Each structure stands twice: as C-alpha cells, then as structure tokens.
Amino acid sequence: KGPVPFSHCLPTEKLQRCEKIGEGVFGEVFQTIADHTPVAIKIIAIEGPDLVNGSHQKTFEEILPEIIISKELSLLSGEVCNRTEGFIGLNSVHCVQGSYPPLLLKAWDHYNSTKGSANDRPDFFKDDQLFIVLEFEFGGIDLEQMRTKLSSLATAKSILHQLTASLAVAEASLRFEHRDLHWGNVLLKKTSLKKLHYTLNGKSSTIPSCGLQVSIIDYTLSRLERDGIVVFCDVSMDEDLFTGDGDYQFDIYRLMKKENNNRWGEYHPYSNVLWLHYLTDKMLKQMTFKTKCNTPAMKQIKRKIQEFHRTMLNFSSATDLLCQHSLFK
Amino acid sequence: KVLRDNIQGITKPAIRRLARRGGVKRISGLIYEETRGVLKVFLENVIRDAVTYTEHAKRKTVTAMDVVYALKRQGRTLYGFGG
Amino acid sequence: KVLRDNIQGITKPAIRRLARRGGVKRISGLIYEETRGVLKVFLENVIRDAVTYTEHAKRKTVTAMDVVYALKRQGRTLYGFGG
Amino acid sequence: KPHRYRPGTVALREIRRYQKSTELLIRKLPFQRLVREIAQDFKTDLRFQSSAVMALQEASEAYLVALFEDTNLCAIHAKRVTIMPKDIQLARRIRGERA
Amino acid sequence: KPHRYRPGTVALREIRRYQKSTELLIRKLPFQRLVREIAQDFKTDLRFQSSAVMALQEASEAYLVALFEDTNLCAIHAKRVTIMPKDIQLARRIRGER
Amino acid sequence: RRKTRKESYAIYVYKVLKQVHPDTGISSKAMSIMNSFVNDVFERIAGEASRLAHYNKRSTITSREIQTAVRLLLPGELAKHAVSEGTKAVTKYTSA
Amino acid sequence: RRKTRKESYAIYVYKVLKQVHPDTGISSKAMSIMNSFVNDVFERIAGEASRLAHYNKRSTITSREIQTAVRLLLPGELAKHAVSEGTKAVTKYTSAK
Amino acid sequence: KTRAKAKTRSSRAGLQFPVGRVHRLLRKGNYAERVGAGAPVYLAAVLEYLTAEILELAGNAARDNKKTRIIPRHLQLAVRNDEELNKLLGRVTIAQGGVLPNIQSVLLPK
Amino acid sequence: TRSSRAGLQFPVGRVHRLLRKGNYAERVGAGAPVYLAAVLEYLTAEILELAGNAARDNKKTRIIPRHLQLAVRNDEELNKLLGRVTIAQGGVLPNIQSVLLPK
DNA sequence: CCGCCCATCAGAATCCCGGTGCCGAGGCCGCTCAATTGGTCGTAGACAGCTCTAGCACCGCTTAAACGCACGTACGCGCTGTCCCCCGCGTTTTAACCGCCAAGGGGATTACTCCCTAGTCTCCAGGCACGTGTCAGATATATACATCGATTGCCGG
DNA sequence: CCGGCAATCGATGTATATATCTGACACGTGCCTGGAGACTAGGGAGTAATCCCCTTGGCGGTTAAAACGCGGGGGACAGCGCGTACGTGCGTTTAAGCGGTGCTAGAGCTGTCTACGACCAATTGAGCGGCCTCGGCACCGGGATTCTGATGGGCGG
C-alpha cells in the first residue's frame, strides 16, 4: 500500500507532452500520451479537509462508488450476455502524494489565458496531500463544440440509435441509471467501421455507425444495483440544482425530483426517456446541419424524428423505445 | 374568365425603377400608359408563338424550351435557360 | 494602274438628288462628308464579303451571284439579279 | 427646419444604385396573372412551368430597359431633360417596330 | 424686271419630280472607279461583271435613300427644317450601326 | 461541248397571270423578280419545317409540319386563307 | 429507375478553366450560359459551312468550308487567331495519325 | 394493256404549280431523312395562292396607270400599299422600284 | 483517342457524330471535326480568361453571370459577336450622360 | 452695392470582424453504349486538255452637267418672363411573400404490330433551246392649263 | 389716309393630243431527259398500359411596399430680335456618254483514274447517374470610419 510519487505514474517526459482539458469541483481531467496512445489523467484530491473550489474534499470511501460504477461499466463492454462498445474503459488507478507539479500549474495558466477557468489555483496543495489518479481512453471531443460541422440527420439517427441501444443494454445488465445527460457529455470520434456489432440479452444486432463511434462519460451521481446492493449518491439535499432555471436541464431536474417522491433508493427507469427528450429538443433546436432539406427522403426522416420526439413519452423505458418505436423497428 | 384587368398590376414605382436602371432622371406623367401598351403587345406576340409551338407537339403544358424557341425565332436569343 | 482620289466623284448634286428623293427640303453645308464616309463603310463591308465568296470558289472574276449572296448574308435581300 | 435635398439628388442616387444590382424589378404574382390572362385567349385550360414565366420576365425587362435607354437619348437630342411619349414613338418608329 | 422664285418652291418641285421616276441618280463611271479602288485592297488583278456593279449601285442608292428619310424624321422632331450631321449620327446610333 | 439547261418558274407564273387577268402581259425583269420571290418563300418554309421536324425527334416531313410552318411565318389573314387552300388540295389528291 | 442521360460540355469547360486560371471556380448558372454559347456557335458555323458547300455544287464538307465559314462569321482579330489554331491542330493531327 | 396513260400529280391535285419538281427539290435539299406524300401538294398550293394574290394586285396597279404590261414599278406599288404584303416583304429591295410619294405636312407652304 | 492526337481538350468524336446526323451534307470529311473543336476551344478559353479577370477584380473566387456580362460588354470584338444576345442575371454597364450631371 | 467665396454640420456609403448556412467539388460503384481498330469496296473529285465568250484597252465627237460667283432673305440661335407640374417627405392601408401540406393530371417509358416510303426497272410526254413577225411603247411636235409672284383698287378705323 | 383683302395679269413649267418607228415579247417546232407506272422489303410511327413527378390549390402571419396628400422650386414653353448661311440664276468649263475596233485571259465542259469516305464486326474504356461526405465561400449583423450635400459667415472695385 501507500501512495506513489508523481514519477511513478506521470514522469517528466509524459509530463511535458501535456495539454489541459477540463476542470471541476472534484478535480481535473487532463490529456497526455502514454504507451504510444493518447490517454486522459483524472486527478481528485482525497483525505483533504481544505476548502477547494468552494468546498472541502471527501474521503476515498466516497469516491469508491464512482470507481465501482466505472469499472463495472468498463467490464460491461467485455460482457457476453449484454455487450456494447460505446462506453469508456479504464486503464488503472493509483494514489499520489505530494504537491502539484509546476508543469500542471503552467498548463492551467495557459488554459486560463486561452480558454478561461472558473476554478481556483491548484498550487496551494501541500506535499503530504493525497490524490487519486485515474486513467481514461481518449474518446474524442464533446458534442457541444462539434455542433456546427455535422453532415446530415442520418448521423443523428445513428447516434440516437447507438445511445439508446447502450442504455437498454446497461438496464438489462445491471439496472443502471445515469440521471444526468446534457449535450456536453457526448463524445464522437471518427472510425472506419461502417457497421458496428453488439449483443443485447443474448441476441446479436448491428448499428450503422456512418463512420462515427460514440461514447458518454462516467456520471458521479449515476445509480445502479448489483445483486441487491444499490450504489447511488444521495442528492436529496442539493435542492439548488433542481431549483434553477434558464434552460431545460433544470426542468428535467424537477421532473426527476417529482416522479420518484424523493425516495431515490428505488429504481425508476422512466426519467431516462425524458433525458433523451432533452437531447431531441436540442437536436431540433440547437444544431446546424451541412445538408439542405431539399431531398424528400431525409425530409421524411426529419419528420419521423419529430414525431418520435413528440410521442416517445408514452413508453416506460429506453428498452421499450428500442423494441417498439417506429424509428427503432 | 375570372382573370381580367391584370394590366394594372404593373405599378408606377416599378416603371420608375426600370427607367432608373435605364438612366432617366425626369419622367413625365403620361409614360405609364404607353409602357403598358408596348409591354402588352410584346407579351402577346411571344405568347402566341410559344402556344403554337406547344400545340404542334400535342401537349397541354408550356415549357421553357417553347419560350426559348419563340424568342430565338423572333430574333432575340436568350442564354441561361435550357439551351 | 493604281487608282486614287475617287471618293470625290460622288459630287454634291448627286447627294442633293438623293436627299430630294428622300424628301428633304433644306440641307446643311456639312452633310456631304458624312455621307461619303457612310457610303465608304457600306461599300467596304459588302465588297469584302463578295471577294471572300469569289475567292473560295477558286475564281478571278467577281460575279453577280457573289454580290447577291453577300447582300443576303448581311440582311439586305435583293430581287432581280438572278438567284 | 427639417433637412430637404434639392430635386435631382435622390434621382441620381437611385440611378447609381439600380445600375449595380441584378435582381428583377417587377413583382412576380401580378406578372404571372398577366401572362395567364393573355395566354387564355389562344387556348383554354393551359398549364405553365416556372422556368417559362421566369424567362418571359427576363426578356420583357431587358426589352423595356433598352427601350428606355433609346428614349432617353431621343429626349436629350431635343434639348430637354424629361421624357415624353413622342420620344417613345420616335424611337419605335426608327427601330422599325411600328409602321 | 427678271423673274425670281421664292426660296422653297423649286425644292418642292424637285421633291415631287424625283419621287415619281425610278432611274439611277449617280454617274456610272465614277462609281465603277470607286468600286475598283476599294476592291483592290483585298486582292490584286481582279475583274468584275457589269451585273455586279449594277447590283452594288442599286443597293447603295436604296440604303442612302432610307438613311436620308430617317435623318429627315429626326430633324423634324427637334423643331427644325434643316438636316444636320447630328441627325445622321442619332439615326445611325438608334438603328444599331456603330 | 453542249450547253447546260436552266430551270425556272416562268410558265407557271404566266399560266396564273392568264387565269387572273386574261388580257395582260409581263416583262423580263418582272419575271425575274417573281422567280426570286418564289424561291425565297420556298426556302423559308422548307427551313422552318425542317427545324420543326428536328425539334420533336422525327425523321420525316409531313403536311403537319408544312401547316405549322405556314402558320408561324405568314402574318395575319394571309395565313388563314393559305391554310384553307392547302387543306382542300390534299383532300382532292386523296379522292383520286 | 435511372433517367435517360443528357450530354453537355461541363467537363471540357472546367478543364479549360483550370488550364487558364488554376484557382477559380464557377457557378451552375454560368456553366449553363457557357453551354448555350458553345451550342449557338457550333450551330452558326455548321449552317454556314453547309450553305457554302451547297453553293458550289458539292456533296462533302471539308476543312476548307470550315475555314471559309470562320473567315466570314468572325471579326478580323478573332478570325486570324482561330484560323491559326485550327491549322495547327489539323497539321498536328495529320502528322502523327 | 400493260400500262395505263400517264397522269401528272398536279392534274389529280387540280393545281398549276409542279408537284414532282417540288418533291425532287425537297428530297435533294438536305432537309430531312424522309419526305412524306402530302407535303409537295401543300407547298405547291400555298405558293400558287401567294403568286396569284401578288399578280392580281400588280395587274390592278398596271391597269390604273393606263398600260397593258407589268413592270417592276407596278410590283413595288402593289407591295408597298398593302399591310400584310409589306410586313412579309419588309427587308427586301426590288430593283428599279422607286419609292412611295409622301411629303411631310410641316414642309408644305402656308 | 482522336482528340489526344491533336492535342485538344474538346471532344472530336462527339463533334463528328453531331455533324454526321444533323442534316448538313451527304458526306463529312476527316478534318472538319478537328478544326471545329480547335476553334470552339479557343473561343471558350478567351471568354473564360476575361471573365476570371473580372471576377478576381471584384474580390471573389467564383464566376457568376454578372462577371460574364462585364467581360463580354467591355470587349469590342466579343460585344460585336454577341450583339443580339441577352444573358440572364446580367445587368447593365454603369453609364450616365454628362448633361444630367449637376453643375 | 452688388456679391461670389470658405468653414461647419448631418447623413448616407463603405470597411472590418464574428458567427451561420450551404454548395460545389470530390469519392465510390455500376453500368451502357459509343468510340476505336482492322478490313473491303464503290464513286467523288482532282487533273489535264480544249473551245470561245466576254472583259479590257484605245480613240473620236456631242452635248449635258458640274463649277464658280453674286445677291438677298428667311431661318437658326440666344435672351427674357411666366406658370404649371413633378420631386421629396410623412402617414396609413393593402397584399406579396414565406412556410407547410395534400390531390391528381399528364408527361415519360416499354412492348407490339403494320402500313408507308425508299429503291429499282422501263418508257414516253412535258419543258427547254432556237427562230420569226408584229404591235405596245418610245420619240417628236404642238397645244392648252394650273399655279406663282407682283400690281391695282378700293376700304373701315 | 393708310395697312389690308380680294381681284386680276403676266410668265413659267407641266399635262395632253396626234403621227412614226422599233425592238422586245408572244407563239411555233424539234428533241431528250426527267417524271410516271408497277412491285418488294423493312423499319419508323401509332397505340395501349403503367409510374410517379410536378403543377394547382389552400391557410395563416408579418411586414415591406404601394397609395395618398402637400408645399415649392426648377424646367417647359411662348415671344422677340439679329445676323449670316443657304437658295436661285447666269456664264463658262469639263468629262460622261455613245459608237466602233481589236485582243486575249479566263470561265465552262469532257474524259481518266486514284484515293478517301461509307459500312460492318468485335472490344472496351469514357461518361453519366445515384448516394454520401464536407472545407471553405458567401452571406448577414453590428460597429466604426469616412465622404459628400446643404448651409450660413465674410472683404472688395
């Protein structure tokens, strides 16, 4: 046991190959190259009773559900009964002791000078502070920054098909709930596979990827149950999130506050369909496509997407949408 | 038939705009009637020729080819449509 | 032999007679030069076309049918001289 | 007192503005109605393609612009600034369209 | 007491006389010389038939008469009875000839 | 060597003239003018008919093409009577 | 079902344009105008050549008729260059037939 | 008999202009690959009608001038005094024709 | 191919086929299509170069009918050739008489 | 004492950037068929020779038309004054344009006859070249007749 | 006691009537080449059935363009005076027009024969039509700038 030094997991050579990506209350996610492969290093401070980004840090046991869910969903890709390759697989996880290396601080300074950061400096951390280092595969760029270079609505139909298949597979496998899905959480990458393959509850099926592979990030508040043991982070006290306004996400938050009467220990797969409804509203009102609607085939495709968006709410779960809806049959 | 007195749809500002493109600075008050008459005559000739062309082919729809052929026969070639 | 200064052979009384046949009552003193220039241009065009026509046929004499063909090509069909 | 340009300035501005653009200067629906009304005299229950009406409009506009140019030349020849129907008649007579 | 006509009577008499006959109004030898001189700039040692010269003369006279009619119309338009070169220029410009 | 032969329309024009005015003559220049007129009209109508046939993707010339060309070329009343004449002729030729 | 194919001059016009101006594009309407221009010129020259062949009592069309038609139909400066280009093309074709 | 008497196509059509000559000219003129059987009759009838009209007008004009022979002046007078004929022959020049007498009213003396 | 031996870009076989079935003459020689293709290519190249110059003047990288009209109307010989032709979406050349200008 | 020049003020016209919406190139397949290659075969036209029509050069004689000059008057052109009639700007009323959605009418494609036109052989009658009179028109002469320009002769304010 | 309006009076150019003389026009004849009669083979055109794309029609919202009123300044139009450029006629000079005479370059026609174009069979790659991406081009919005039009303020012979 015991934490390992910075050179144990991120030495100097792969320290200088580095570029910043994302930040948050928990920690920061950050890009590098290791083993001739682009990887993401995610650093979270733990065991620290110090106010960071407006709050202190929890313990390792609080993070433990998150890594549990992460490696369970990674193994879901290697499952036989329910297989889907549209998720993110881990590499490893380790513990780090010490202060923030200066290269990290200079990368943060460059990011703030270029993109701007709302988080505090990471340079006040001591040499005895404990962090958790986590490794992810490079899944591409977010949907938000990619909103104005998409080809046509066929790529849409494809990515909805793939995400719904992934959620249905996850539900059939371990009764997984995400409870957070915004258009900044979808990662798309260019792949040469014209037709991708997967398995749901023991049946083989395929998705036309249109030369595009998809993924969605891990969720800190995701809820699931394995063998009767429920893993979920209680959100009944953070009512500020559900009392917000300005766009549809807070509306979805109050719906997921009202439909399960604050008893979050149970399982309610219905709100997932409203989470998808939010994405449909976004695609029909928050993206630009590079192909004109002149051709009637994709015009009727768009109308079919529209009636899906209007009529999905009368189902019970994403599996029902996958197995019954016209766009999915 | 129902369609009648549609020559009045060529408004005075439209004739003014055409004159401005032609390069005219001052316009008298008796030009609009003459312009309407000459436009009517021109349209009558062209449409008569086009309808004859579409009649010879045993069709009931006037196409752009008939108009182009009639204009070429009249001595005014037009580029950009079919051809 | 080479010829020169023959446009002056279209005398002023001839131009006056042509104007009278045209219906003109009074004539300015500077019309004759303009008339001579116009006639020269017209003759140049017609004669060039006729000479090209007679050169294609591998001949050394300009015939009336060449002139008729040139006039018809120009758009000034003439009746009487054969063809 | 509110600003007022002298008579003749806005005319030159419009002349300079309309000689740089290329779009049509007549509304489409009235022209279509006129074309259909004229064509109904030769044959009953006819049908039209959009390209036919567009070509008719282009030809008519070009003809009118050329006629107006010739009329302006005729009006200038007579020591005047305004154009009158006599100028149109003279231009059409010389062009050979009218008898 | 010599007899003299007012300016304009003889002009009208000539107008009436020359609009009734059909002969040619230009002498033949100068026209033939001019035709040969113009033609010599395109080829050397050319020969002509009399019919060609006659056809050229007829066409030229018809063209000139039509041009003079148009010139008279233009002169009348501008409140005048005398033809001027500007009338010829305007007629040629409107007709389409450069 | 032997002189070639020249063809014209003089005899037919003379026959028509004797039909219309039975006591009138004609000169040589007028005959030449009428010959040129007939040739010019023949050429115009034939060319128009050929263009009409080519437009519609056909390989033959029938009386319909001639009638349409006559309608397109001749102005006003001159067309109407003319068309009638042609029709009558064809009908007679069919009877015998 | 596939429609009947239609012939045009788009490919060759684009090739010539790339030969002259290596970095310029063109719009569809301009291409249609160019197609109409090519067809009109072809028809004019062919008709003139046919009339020329008929006048001299011949039953074949050769390059002499085309040259004379080009001389008759075009103004002088264009005519000289067109004649030079046509003669060069014919000589090159004949030499390496 | 082996053969019957020859009958011209003009006689069967009741015309005066030749039909066989027009058929031959249409065939050997590079107009179309084939020529029908009714086109020559139509063309001959139209040409004969036009010739008859022009000759009628010219003969009337000649009889007006107290003569018994048609000359190009009479043809020009007949052509230029009729609207349809003038429109048809609008760009044609007749040799030895002349012009129509016409003087503008402004030039006349008071 | 015949067009490659002559160094041309316009088709030669297509021109021959269009000449042979257009009712022009009984027979067609073996040199007419080459001449015709060369002439057409030359004229097209000239017009295209002028239009491209006009387009580059206006700070654009594509040619539109306004550019073709500007190129044609500003050249004497091309204007004389297309003296009775109307181009769609063409416009007119800017020109104002001197008398109408303010003092 | 009539001004004709200069310095200010407002309002269009044009430049620079930032973010969006599509289009004109490109790639692939899959054909389809039109162009290329290698032969034979019948006739269009190039070439050489000959005949003779008409185009060109020169000379002499007549007479009509072109040319130069003098004289007078009517027409073109510049200036002034008056009044109507288009131009510029503000307010209110009408319908053009954009987006979307059905209904079905007629244009385009495929298959199957079959009658009309091209081609060939034989034969003779319509139309063209050539040659002769005779009479409609051209020419010459004399003879009215309509019209233009000047002079007289009264005439009412 | 004139400026006029009509009525003559003379002179000039044009229209009209009669007698002779010619050459262009209206038939007659012989002959041959182009049109008519008779028959066969095959392919261009006519007809029926089917598919689906494009034209016609309807409804609602918004807003840009058309319609109407009014004050006033600049342009169209008539009247007047002046000067000179153009019309009319006469005397003298020039070259067109007509009638022959002579010569030859070149248009027009005929007979041979060779090369060039039409036609056919087997091969195959150029060109067009569906489906799909997409990197840059044109597009607008803002702001700033500029430039031009309409103005009042003055020194002076």
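Here, residue 1 is simply the first one shown, and the rest follow in order.
When the header is checked for method, it gives electron microscopy, 3.0 Å.
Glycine is no exception: its Cβ is also placed from the backbone N, Cα and C atoms.
Pulled from Swiss-Prot:
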- C:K1: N6-methylated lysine (MOD_RES)
- C:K12: UFM1 cross-link (CROSSLNK)
- C:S28: phosphoserine (MOD_RES)
- C:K40: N6-acetyllysine (MOD_RES)
- C:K40: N6-glutaryllysine (MOD_RES)
- C:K58: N6-(2-hydroxyisobutyryl)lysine (MOD_RES)
- C:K60: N6-butyryllysine (MOD_RES)
- C:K60: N6-acetyllysine (MOD_RES)
- C:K60: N6-propionyllysine (MOD_RES)
- C:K72: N6-glutaryllysine (MOD_RES)
- C:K72: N6-butyryllysine (MOD_RES)
- C:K72: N6-succinyllysine (MOD_RES)
- C:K72: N6-acetyllysine (MOD_RES)
- C:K72: ubiquitin cross-link (CROSSLNK)
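Sequence features, as recorded in Swiss-Prot, placed on the structure.
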residue: C:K1; record: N6-methylated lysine; DSSP class: coil
residue: C:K12; record: UFM1 cross-link; DSSP class: helix
residue: C:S28; record: phosphoserine; DSSP class: coil
residue: C:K40; record: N6-acetyllysine; DSSP class: helix
residue: C:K58; record: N6-(2-hydroxyisobutyryl)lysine; DSSP class: coil
residue: C:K72; record: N6-glutaryllysine; DSSP class: helix
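For C:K72 (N6-glutaryllysine), the spatially nearest entry among the recorded positions C:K1, C:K12, C:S28, C:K60 is C:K60, judged by CA separation. When other Cβ atoms within 10 Å of the Cβ of C:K72 (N6-glutaryllysine) are tallied across all protein chains shown, the result is 14. Note on proximity: of the recorded positions C:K1, C:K12, C:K40, C:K58, C:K60, the one nearest the residue listed as 'phosphoserine' is C:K12, by Cα distance.
Cβ contacts within 10 Å of C:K40 (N6-acetyllysine), excluding its own Cβ and spanning all protein chains shown: 14.
Each of the recorded positions C:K1, C:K12, C:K58 was scored by how many other Cβ atoms lie within 10 Å of its Cβ, and the smallest score goes to C:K1. Cα to Cα, C:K40 (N6-acetyllysine) and C:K58 (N6-(2-hydroxyisobutyryl)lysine) are separated by 27 Å. It is 18 Å from the Cα atom of C:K60 (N6-butyryllysine) to that of the residue listed as 'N6-methylated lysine'. Cβ packing within 10 Å was compared across the modified residues C:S28, C:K60, and the lowest neighbour count falls to C:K60. Proximity to chain E, taken as a Cβ less than 8 Å from one of its Cβ atoms, holds for C:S28, C:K60 among the recorded positions C:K1, C:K12, C:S28, C:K58, C:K60, C:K72. Note: the CA-CA distance between C:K58 (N6-(2-hydroxyisobutyryl)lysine) and C:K12 (UFM1 cross-link) rounds to 40 Å.
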